[PDB]
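Report on the structure given below.
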Amino acid sequence: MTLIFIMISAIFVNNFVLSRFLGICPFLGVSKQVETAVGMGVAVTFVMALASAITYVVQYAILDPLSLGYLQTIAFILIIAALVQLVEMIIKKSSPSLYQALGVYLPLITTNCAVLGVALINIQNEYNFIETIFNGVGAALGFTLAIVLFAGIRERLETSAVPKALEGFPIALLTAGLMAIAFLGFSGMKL
Amino acid sequence: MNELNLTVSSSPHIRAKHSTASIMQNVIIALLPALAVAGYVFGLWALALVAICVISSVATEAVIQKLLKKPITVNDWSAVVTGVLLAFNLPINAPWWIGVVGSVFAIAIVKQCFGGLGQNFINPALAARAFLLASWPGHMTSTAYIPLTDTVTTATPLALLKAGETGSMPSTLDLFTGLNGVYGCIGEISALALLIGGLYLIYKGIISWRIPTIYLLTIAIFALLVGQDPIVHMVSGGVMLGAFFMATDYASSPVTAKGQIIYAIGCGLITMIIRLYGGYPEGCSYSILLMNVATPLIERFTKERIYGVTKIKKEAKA
Amino acid sequence: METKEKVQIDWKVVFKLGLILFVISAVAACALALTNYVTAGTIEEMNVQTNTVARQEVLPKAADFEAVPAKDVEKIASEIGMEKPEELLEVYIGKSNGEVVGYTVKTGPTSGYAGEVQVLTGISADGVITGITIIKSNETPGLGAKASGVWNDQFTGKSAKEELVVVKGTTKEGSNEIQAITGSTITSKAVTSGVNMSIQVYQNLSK
Amino acid sequence: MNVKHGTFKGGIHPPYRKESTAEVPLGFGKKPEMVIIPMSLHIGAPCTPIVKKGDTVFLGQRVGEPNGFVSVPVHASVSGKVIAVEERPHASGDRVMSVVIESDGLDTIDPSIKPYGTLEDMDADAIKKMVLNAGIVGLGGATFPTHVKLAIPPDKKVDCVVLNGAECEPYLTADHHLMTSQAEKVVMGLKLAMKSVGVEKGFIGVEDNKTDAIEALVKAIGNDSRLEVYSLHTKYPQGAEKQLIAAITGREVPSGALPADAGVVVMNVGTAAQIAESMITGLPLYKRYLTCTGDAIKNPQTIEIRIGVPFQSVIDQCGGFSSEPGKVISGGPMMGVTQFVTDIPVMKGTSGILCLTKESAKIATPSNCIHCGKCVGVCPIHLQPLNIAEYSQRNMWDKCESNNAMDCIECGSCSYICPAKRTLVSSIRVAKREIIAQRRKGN
Amino acid sequence: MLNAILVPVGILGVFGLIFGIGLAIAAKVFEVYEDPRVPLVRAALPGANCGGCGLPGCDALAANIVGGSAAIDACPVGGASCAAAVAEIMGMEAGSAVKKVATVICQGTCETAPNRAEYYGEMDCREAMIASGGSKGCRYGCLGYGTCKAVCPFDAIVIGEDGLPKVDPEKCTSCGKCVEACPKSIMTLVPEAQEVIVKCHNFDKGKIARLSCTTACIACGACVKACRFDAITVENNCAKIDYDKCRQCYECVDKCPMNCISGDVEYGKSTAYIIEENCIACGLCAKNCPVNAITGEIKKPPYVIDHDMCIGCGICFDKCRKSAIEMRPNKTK
Amino acid sequence: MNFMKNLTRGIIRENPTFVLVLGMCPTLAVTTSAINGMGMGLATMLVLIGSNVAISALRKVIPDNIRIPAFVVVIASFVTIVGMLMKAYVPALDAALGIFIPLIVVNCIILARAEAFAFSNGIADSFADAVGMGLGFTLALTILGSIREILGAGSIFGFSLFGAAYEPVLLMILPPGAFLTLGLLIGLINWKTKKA
Ligand SMILES: Cc1cc2nc3c(=O)[nH]c(=O)nc-3n(C[C@H](O)[C@H](O)[C@H](O)COP(=O)(O)O)c2cc1C
Ligand SMILES: Cc1cc2nc3c(=O)[nH]c(=O)nc-3n(C[C@H](O)[C@H](O)[C@H](O)CO)c2cc1C
Ligand code: SF4
Ligand code: SF4
Ligand code: SF4
Ligand code: SF4
Ligand code: SF4
Ligand code: SF4
Ligand code: SF4
Ligand code: SF4
Ligand code: SF4
Ligand code: SF4
Ligand code: FES
Ligand code: NA
Ligand code: NA
Ligand code: NA
């Protein structure tokens, strides 16, 4: 019952993109189509699902019983970097090469602010193995849902008369603000 | 040496009779009896606020349509509808500038920044109401709805229902007619007038029965499955107005028939989830606003079948 | 058989890639540990000083303070029927020329809007409230961060004999009544619960 | 008789102003004094003139020779003298090579015309030869050659012939008069077509507002058990060769595959009457029916008029203009073509002349889309016209093609029901033309 | 002090070494993509996604090389020098090209070619072509709704107050986006050095064209006799000029009775403007080149020649062994 | 000649906030006042200068396959040193920006400029580029923070303007109140870019 509540809070009540201001740059970058959004979502889900357990083991097996808690951040980012490299090492080989249209947002997966953010959040909340895994999966699913909804709204807006001066980024920011209001309605629930 | 000077164009050469202005005027005619009941119950200040909102809306639109070098299409009676529906969402103890700010936000940002009429994807009036509630919670929460002459009530029916004190709530007939001690928003206290207005619009052909029927059916089923009263949960709060006039917006609803059923079911589920376990006494506005975001996703999976197409089993995209 | 017998030097270029990284990592550590040392000491000192400042304002007097060995704190928490433990952090005793002046108690109540608030309360000998303060909060800067302002100053003068309740109205009625901030209610209730548990601890101890 | 019923999904309900000319008797035009006959009265390859200036021609003499296989000859309507073999204005807006013949007053029949035979000995090959020699094209509006339609390729199988009697456009009443007056000729033409194709099944589809025509056809059929009559609900796109197939047989024509792949052969009642008349008498196609009506016509009526008579003579024979017209249309109000002048001659596919006044020809300027969704509900092909129009208006042909814009039948109604008074069908036509053009310059 | 420095150094070094070795091993496996000759042509391209292409972008052109699936000179917008720089990475090429600009062959402006009727609908050329081809008196003229302006990506076309477009030669870059977008097939490409253009597209006979427009072509054929280099031909009842054989003699301009040929009477008149430095008293140009224009006696330098006639073709500028004659345009205005 | 152009690319021509849209999380998260934006901009400028100089000093031995680990190691070392100093000496700014001070290592601008300009240039161009980017980031953050604070609190730099009876717009200091504001600003700039 605790795992379900943790997942629900991570997905709906405390969405990482629309509430906590973490995954914003790829949110505005690769949300022009539905397929690219789905691919980015599944890649990011794999990255956090692999990273959470490794960060938990590294923090609780080495850093804590050594009085070396000031290296945490740099150690953490090192691991994430290697993982992202391996992801960038696979997508060009086996995954379709036409998906290399992200345009600098592929090496910025380390910079996505949601992997390291969820790692620090899991460390600060004193969770366990299963709780950390569920929190990471819930955060990834929330990111995927938000980016898919944004891509659908943009595809709908493709046939609207945005006059001449707003066009891409201003109307993307206004749409994100309206979605943020709608999710501000989804708050105050105690779980 | 007489010429003819005829006209050349493309087919067809005949059209129907209905237009946009007729539709909006019919909507206003449907909304009139609720305004009459509000003026009877809350007094002369309940009408003036409405006027203020309407004026502001029209003025804003004209100014924008003058500054962007566009034809002034203010005679389609759309800003009047937006202003009236926004004014129906206000308490009786609100200052004069709240309506002006809400109308400016509803017209300038939500509507005219996306192209104009029919080019937006979200409800203007509900978004302006949500912005006003978040910005100024003191003027819109639980005390502004009670008139200053009454000093015995001190609570609206939904707040008493959430608190568990179902011994002092008004009777079901009083909640259905809105005539004995029922307080709230000025255009939501009576369910008979809104039902008559919705039936008139169904008869004319502007709206359909699907969303209004399925919204209320889902609410009743949810209320019956948890051990509550289905009739009370349907005649209190802003549910009839939302079901008949605000969830049937043209620019925010799906165009098919199955998408409308899914949209209504989702709205009815989220409304009761926020009502029963949320941090608000009512969740109609956010349930409708959350289904304006998922609408483009429903519309890509509920398309009909073309004539003469027997479909290929997912082999064209391979 | 390692993908068709890679030709010898394919291993040698491995030794080039790791070593440099190793060196870089060492250099990073060779900085950070030194930057760890002196700052840490200063940080600790500053924190301690700040903490004692937070005490010296809560009980305006010229006296000394003594701290319990924290086993009595756990004994007090175990008794009286405290539902949620570990919510009492520090209890201090004031001493001025031997006579007991009062107590200073720090507690973190749960059930806030955004987590845990830290509330410090001081009390004189006879049951009164000489003032409260907020040490740590994570609330909204424009909505829940107003507790550390003029709202605190109204807490003084209340007797430490009965409980305190919150009323959602401008009228303050009479005794043991707290008027909440408009648009911010859960934060007021958390501080009220913390003050109530402090009063219960004082009533148990001073008898 | 066993009369069945049929209907389809979608459509509109126009005012159906046919009551004006329905009760008026049938009129006959006077003898013309000058005829202009174009060289392209069909689709395919235009003919070549075989007459010179100053020549003398007979009634029914050929004045044009077909070029290829998809082509029909062109004959003369009156007997007189040829005065010009130049090019003259056409109904398409541009000048077309024609032959001008001045009448003499006497109708001298060419001394080479004799009846072809009877139904019991003609057989299929001679029936097809007679159809080709008489220059019969489709009178339903498309003017497709009939001898090409009756030549079924060996890789296709058909088993039924359907006659189209569901006249659906407003103001038009010629088919009602033809069915009520010449039902026996319609039945004979249906039997001839059935023998030519080689099937044993035949259906006739008539709408339910022509019950007298249904009774006349039932009486004319007699005791034949291979012929049936259907009643269809009165709707506008009912008679468009596809909804007729869906209503009568229940089958669906595939995506871009012609009705011949559904096993049916669709033909008009006027074509059947012309086939029967040409078999009985031996004369070619030189005369048809018309409906002169509108808002600026003094005395609207249905009149039989030869081929080559200008529009102005027809207008003058029906009273004239009560007021200044604002629009002259060749055909119906939902699929007609607006004209520039009144020197246009009538053709084999002309079914009516509609003149509108200045007040009835005014349509408001288009406005913004309000997302009402009625155009989705009225489409018989189950498309979404708003998306295709919005994609076509900003030059996105790939999105138009991916949204199935190539199977629209250009039927009107989607543009008829719009509250914002837009031009959806024109945008769909532009998209279709661009998609068709891009397949030739890139392949 | 020793351990506090020793432990983190060892831990971080071990982590870095293990991660580096693993990353090298993974790179030796998954990087078998084996695409050689890194693009190196995108820098020599300058591309702006104009439209004289159809490979999915200039980066797609950079990726498409080393496979031999694309032409060397597939990009005409950049020019021959741009293609030379693009495929100069491997080299073995050299070339040059000629610059061109878009032009409109029509001069009927809303008063010489009026309208037959009134048109209702959208203001676009193709939409007007749906409504029976338009409402203009001339069936081959300009509609005037500016589709070509709408499809131009570089902003070079402006619709004038007379109804005909105007093209800025400084902003037009030799593409054809406005050429296939015109429903009337009116927009064409002409070299920037050409000033003699027949501006009409009427395919009718004499009387009908004369009634249709003020400056129509009636196919009289008087412009063919004036030309002697066989550069202008009349077919399909319309005249056209071949730009590869036109010497710009300005003889057909003044012979047209309906004023369909562009250009002004300011040309030539420089018969034997011979530099005295590099002719040897040649005596060869005096005899004949179709006009007399030279006649004299020996003509020792400086030359004494009166200039009052001849057409100024330009043949006497390159046929000389030393090219002592200089061509200079000097006339009234 | 080649230094002033790199220094002055910076704020106007290639502004990271208005023209590139990078580093959006601290832009939309901490800009509820005119003081947080300035401190965040100064800290990011110091980290950017140090990281750019360090990376450009070593563009001769780093291979292509392990560039990201070395880059993040250097950036994280500089971030840790700066954060330790700020914790020691400026505790109020640390408490105001607690979560985003460890997150300067991943800021979408430092890594982007490291792999695009610092890797293939000298020690003098990278320094000027870092200074220009830091100045542009600081100016944009200060402008956005002042605009948000004036509307949502009724005071600029802590000095009240409208009196003590003013009722603020509390949505401007909320997460949905940033997006719209930023969008409008960008639109205005684009208009003045395109109509001039
Ligand atoms: C919208 C639409 C309506 C039509 N209505 C009729 C009609 O009422 N009567 C008719 O005979 N053909 C009508 N047609 C033409 C038929 O589709 C078909 O071409 C015709 O039956 C062929 O007749 P034919 O074999 O004599 O050429 C219509 C076509 C369209 C697209
Ligand atoms: C049936 C119907 C319902 C409408 N509902 C709303 C509504 O809930 N809120 C609003 O602001 N405007 C409403 N409008 C009017 C409004 O101008 C329009 O529908 C678009 O939402 C404007 O983009 C409604 C109009 C119609 C015809
Ligand atoms: S889209 Fe085509 S088939 Fe559908 S209603 Fe319009 S014209 Fe008819
Ligand atoms: S009928 Fe007209 S206004 Fe309604 S959805 Fe279709 S195109 Fe839009
Ligand atoms: S025409 Fe040449 S430069 Fe332009 S987009 Fe195509 S390939 Fe690139
Ligand atoms: S040149 Fe062609 S495309 Fe341009 S306005 Fe004239 S007709 Fe239209
Ligand atoms: S005017 Fe025509 S050729 Fe010139 S740039 Fe524009 S589209 Fe290209
Ligand atoms: S006649 Fe020639 S110049 Fe005159 S409008 Fe027609 S094409 Fe243009
Ligand atoms: S300018 Fe001279 S060369 Fe050119 S077409 Fe005219 S006469 Fe011939
Ligand atoms: S002289 Fe002029 S009018 Fe005559 S053919 Fe030549 S261009 Fe045409
Ligand atoms: S043509 Fe040349 S070589 Fe001959 S006389 Fe003239 S300048 Fe001399
Ligand atoms: S311009 Fe021609 S004709 Fe005149 S002198 Fe030179 S070569 Fe002879
Ligand atoms: S995702 Fe760009 S800085 Fe956080
Ligand atoms: Na947010
Ligand atoms: Na939110
Ligand atoms: Na840090």
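Order determines the names: the first chain of the structure tokens is A, the second B, and so forth; residues in each chain are numbered 1 upward, and ligands are numbered 1 upward as they are shown.
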
When DSSP is applied to the backbone of this structure, which of segment 121-191 of chain B are assigned helix (DSSP H, G or I)? Write them out as a ChimeraX atom specification. /B:124-135,157-163,172-177,191

Restricted to N, CA and C atoms, what would the selected residues look like written as a short mmCIF file (atom, residue, chain, number, x, y, z; two decimals), in the first residue's frame?
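And here's out.cif as it stands now:
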```cif
data_model
loop_
_atom_site.label_atom_id
_atom_site.label_comp_id
_atom_site.auth_asym_id
_atom_site.auth_seq_id
_atom_site.Cartn_x
_atom_site.Cartn_y
_atom_site.Cartn_z
N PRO B 124 -11.50 29.57 -21.50
CA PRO B 124 -11.06 30.86 -20.96
C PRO B 124 -11.65 31.21 -19.60
N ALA B 125 -12.96 31.01 -19.43
CA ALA B 125 -13.62 31.41 -18.19
C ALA B 125 -13.12 30.60 -16.99
N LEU B 126 -12.96 29.28 -17.16
CA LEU B 126 -12.49 28.44 -16.06
C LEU B 126 -11.04 28.75 -15.71
N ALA B 127 -10.20 29.01 -16.72
CA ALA B 127 -8.81 29.39 -16.45
C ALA B 127 -8.72 30.72 -15.73
N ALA B 128 -9.54 31.70 -16.12
CA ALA B 128 -9.57 32.97 -15.41
C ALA B 128 -10.06 32.80 -13.97
N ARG B 129 -11.05 31.94 -13.76
CA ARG B 129 -11.53 31.67 -12.41
C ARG B 129 -10.45 31.02 -11.55
N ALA B 130 -9.72 30.06 -12.12
CA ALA B 130 -8.62 29.42 -11.39
C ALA B 130 -7.49 30.39 -11.09
N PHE B 131 -7.20 31.32 -12.00
CA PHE B 131 -6.21 32.36 -11.73
C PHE B 131 -6.66 33.30 -10.61
N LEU B 132 -7.93 33.71 -10.62
CA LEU B 132 -8.44 34.58 -9.56
C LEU B 132 -8.45 33.89 -8.21
N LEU B 133 -8.81 32.60 -8.16
CA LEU B 133 -8.84 31.89 -6.88
C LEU B 133 -7.45 31.75 -6.29
N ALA B 134 -6.44 31.53 -7.13
CA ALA B 134 -5.08 31.38 -6.63
C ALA B 134 -4.46 32.71 -6.24
N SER B 135 -4.75 33.78 -7.00
CA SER B 135 -4.12 35.06 -6.72
C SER B 135 -4.68 35.72 -5.46
N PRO B 157 -23.44 24.64 1.70
CA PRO B 157 -23.78 23.21 1.88
C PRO B 157 -22.65 22.21 1.65
N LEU B 158 -21.79 22.47 0.66
CA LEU B 158 -20.69 21.54 0.38
C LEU B 158 -19.67 21.48 1.51
N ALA B 159 -19.38 22.62 2.15
CA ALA B 159 -18.47 22.64 3.29
C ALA B 159 -19.03 21.87 4.47
N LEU B 160 -20.34 21.97 4.72
CA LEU B 160 -20.96 21.17 5.76
C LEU B 160 -20.98 19.70 5.40
N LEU B 161 -21.15 19.37 4.12
CA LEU B 161 -21.16 17.98 3.69
C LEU B 161 -19.78 17.34 3.87
N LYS B 162 -18.72 18.08 3.55
CA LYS B 162 -17.37 17.54 3.74
C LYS B 162 -17.04 17.36 5.21
N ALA B 163 -17.48 18.29 6.06
CA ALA B 163 -17.17 18.23 7.48
C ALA B 163 -17.95 17.14 8.22
N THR B 172 -33.35 18.81 0.27
CA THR B 172 -33.11 18.51 -1.13
C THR B 172 -33.98 19.33 -2.08
N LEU B 173 -35.24 19.57 -1.72
CA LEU B 173 -36.09 20.43 -2.55
C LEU B 173 -35.57 21.86 -2.57
N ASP B 174 -35.10 22.36 -1.42
CA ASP B 174 -34.52 23.70 -1.37
C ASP B 174 -33.23 23.78 -2.17
N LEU B 175 -32.40 22.74 -2.13
CA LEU B 175 -31.20 22.70 -2.95
C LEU B 175 -31.51 22.60 -4.44
N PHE B 176 -32.62 21.94 -4.80
CA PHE B 176 -33.04 21.79 -6.18
C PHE B 176 -33.64 23.07 -6.75
N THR B 177 -34.39 23.82 -5.94
CA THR B 177 -34.98 25.07 -6.39
C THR B 177 -34.13 26.29 -6.07
N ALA B 191 -31.02 24.59 -9.92
CA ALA B 191 -30.82 23.53 -10.90
C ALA B 191 -31.98 23.36 -11.86
#
```

Do me a favour and pick out the residues of chain D within 8 Å of chain B, using only C-alpha atoms, as JSON, numbers by chain. {"D": [252, 253, 254, 255, 324, 325, 326, 327, 328, 333, 334, 335, 336, 337, 338, 339, 340, 361, 363, 368, 369, 370, 371, 372, 373, 376, 381, 382, 383, 412, 413, 415, 416, 417, 418, 419, 420, 421, 425, 426]}

Show me, as a PyMOL selection string, the residues of chain F whose atoms get within 9 Å of chain C, using only C-alpha atoms for the distance check. chain F and resi 32+61-63+65-66+69-70+73-74+77+80-81+84-85+87-89+152-153+170+173-174

Only residues of chain A matter here; which ones have an atom within 6 Å of chain F, counting only C-alpha atoms? Give them as a PyMOL selection string. chain A and resi 21-22+74+81+111+165-166+170+173-174+177+180-181

For the selection just defined, write its residues with C-alpha atoms to a file, as an mmCIF file, in the first residue's frame.
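And here's result-v8.cif as it stands now:
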```
data_model
loop_
_atom_site.group_PDB
_atom_site.id
_atom_site.type_symbol
_atom_site.label_atom_id
_atom_site.label_comp_id
_atom_site.auth_asym_id
_atom_site.auth_seq_id
_atom_site.Cartn_x
_atom_site.Cartn_y
_atom_site.Cartn_z
ATOM 1 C CA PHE A 21 11.030 22.561 -12.278
ATOM 2 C CA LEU A 22 13.512 19.848 -13.231
ATOM 3 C CA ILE A 74 30.912 14.325 -7.915
ATOM 4 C CA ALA A 81 28.017 10.077 -17.143
ATOM 5 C CA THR A 111 22.330 17.338 -17.529
ATOM 6 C CA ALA A 165 5.864 36.995 -33.383
ATOM 7 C CA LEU A 166 5.171 34.315 -30.776
ATOM 8 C CA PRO A 170 6.678 31.908 -26.451
ATOM 9 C CA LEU A 173 5.976 28.633 -22.552
ATOM 10 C CA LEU A 174 2.358 29.853 -22.472
ATOM 11 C CA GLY A 177 1.967 27.712 -17.934
ATOM 12 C CA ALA A 180 0.928 24.034 -14.824
ATOM 13 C CA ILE A 181 -2.261 25.787 -13.672
#
```

Select all residues from chain B having any atom no more than 12 Å from an atom of chain C (counting only C-alpha atoms, ignoring ligands), output as a list in words. residues 133, 134, 135, 136, 137, 138, 139, 140, 141, 142, 143, 154 and 279 of chain B

Serialized selection, N, CA and C atoms, as a short mmCIF file (atom, residue, chain, number, x, y, z; two decimals), in the first residue's frame:
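Below is the file that was written, result.cif:
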```cif
data_model
loop_
_atom_site.label_atom_id
_atom_site.label_comp_id
_atom_site.auth_asym_id
_atom_site.auth_seq_id
_atom_site.Cartn_x
_atom_site.Cartn_y
_atom_site.Cartn_z
N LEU B 133 -8.81 32.60 -8.16
CA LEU B 133 -8.84 31.89 -6.88
C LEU B 133 -7.45 31.75 -6.29
N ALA B 134 -6.44 31.53 -7.13
CA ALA B 134 -5.08 31.38 -6.63
C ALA B 134 -4.46 32.71 -6.24
N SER B 135 -4.75 33.78 -7.00
CA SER B 135 -4.12 35.06 -6.72
C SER B 135 -4.68 35.72 -5.46
N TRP B 136 -6.01 35.72 -5.31
CA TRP B 136 -6.68 36.39 -4.19
C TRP B 136 -7.60 35.40 -3.50
N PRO B 137 -7.06 34.55 -2.63
CA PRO B 137 -7.91 33.56 -1.95
C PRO B 137 -8.79 34.16 -0.87
N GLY B 138 -8.46 35.35 -0.36
CA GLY B 138 -9.28 35.96 0.67
C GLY B 138 -10.64 36.40 0.18
N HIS B 139 -10.73 36.87 -1.07
CA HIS B 139 -11.97 37.39 -1.61
C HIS B 139 -12.86 36.33 -2.25
N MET B 140 -12.42 35.07 -2.28
CA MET B 140 -13.14 34.03 -3.01
C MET B 140 -13.39 32.75 -2.22
N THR B 141 -13.27 32.75 -0.89
CA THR B 141 -13.31 31.52 -0.12
C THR B 141 -14.26 31.64 1.07
N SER B 142 -15.42 31.00 0.96
CA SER B 142 -16.24 30.55 2.09
C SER B 142 -16.89 31.65 2.92
N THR B 143 -16.58 32.92 2.66
CA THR B 143 -17.17 33.99 3.44
C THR B 143 -17.77 35.02 2.50
N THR B 154 -23.40 31.05 7.93
CA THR B 154 -21.95 30.98 8.12
C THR B 154 -21.26 29.81 7.40
N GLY B 279 -8.20 18.50 -1.58
CA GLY B 279 -8.06 19.64 -0.69
C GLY B 279 -9.01 20.77 -0.99
#
```
